[PDB]
Amino acid sequence: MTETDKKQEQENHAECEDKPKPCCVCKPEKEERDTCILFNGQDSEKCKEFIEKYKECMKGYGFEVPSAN
């Protein structure tokens, strides 16, 4: 539970991975989507999985589709 966590950790001081992680977004699943498109999609039955995954992402993130990205 929360209190099981929030004391301190003291795992890593050297916070080398200067890479903020907003969560949701849709990076990998977009990349997978456009990759599926490129391979054998445009329309196809084989891309719908990634197209669906592409929306839930952004809906959750809080944008019902981007402007253009």
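Residues numbered from 1 in each chain as written, not as in the entry; some residues may be left out. Heavy atoms only, no water.

What to know about the UniProt feature "short sequence motif: Cx9C motif 1" in the protein chain
- Here, the residues flagged by UniProt with the feature "short sequence motif: Cx9C motif 1" are residues 26-36.
- Split by type, residues 26-36 is 91% helix and 0% strand. Its first and last C-alpha atoms lie 15 Å apart. (UniProt positions renumbered as here; feature names shortened; annotations may be inferred. Helix = DSSP H or I, 4+ residues; strand = E, 2+ residues; numbered from the N terminus.)

As for the packing of helix α2 (residues 27-40) against helix α3 (residues 48-61)
- One way to put it is that α2 packs onto α3 with a least axis distance of 9 Å and a crossing angle of 155°. Compared by their axis directions, α2 and α3 come out roughly antiparallel. When you trace α2 past α3, the crossing you get is left-handed. Every residue of α3 that contacts α2 at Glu-29, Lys-30, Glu-32, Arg-33 and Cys-36 is listed here: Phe-50, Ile-51, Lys-53, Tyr-54 and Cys-57.
- Residue composition of the contact of α2 with α3, by class: five nonpolar, no polar and five charged. (Axes fitted to C-alpha atoms, helices over the stretch in contact; angles between N-to-C directions. Parallel < 35°, antiparallel > 145°, perpendicular 65-115°, else oblique. Left-handed = near helix turned anticlockwise from the far one by under 90°. Contact = heavy atoms within 4.5 Å. Nonpolar A, V, L, I, M, F, W, Y, C, P; charged D, E, K, R; others polar.)

Observations regarding the environment of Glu-49
- Considering the arrangement of structural elements, one finds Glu-49 in helix α3.
- Side-chain polar atoms of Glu-49 contact the side chain of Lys-46, separated by 2.5 Å. (Polar contact = N/O pair within 3.5 Å; in protein donor to acceptor, adjacent residues only side chain to side chain.)

Observations concerning the state of the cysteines
- The final tally for this structure, using the stated rule, is two disulfides.
- Covalently, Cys-26 is tied to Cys-57 through a disulfide, its sulfur atoms 2.1 Å apart. Looking along the S-S bond of the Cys-26-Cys-57 disulfide, the torsion reads about 75°, which is the right-handed sense. Here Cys-26, found in the loop between α1 (2-5) and α2, pairs with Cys-57, found in helix α3; they are 31 residues apart in sequence, far enough to count as distant.
- By relative accessible area, which is 5% here, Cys-57 ends up buried. (Disulfide = S-S within 2.5 Å. Buried < 20%, exposed > 50% of the residue type's maximum accessible area, 1.4 Å probe, protein only.)

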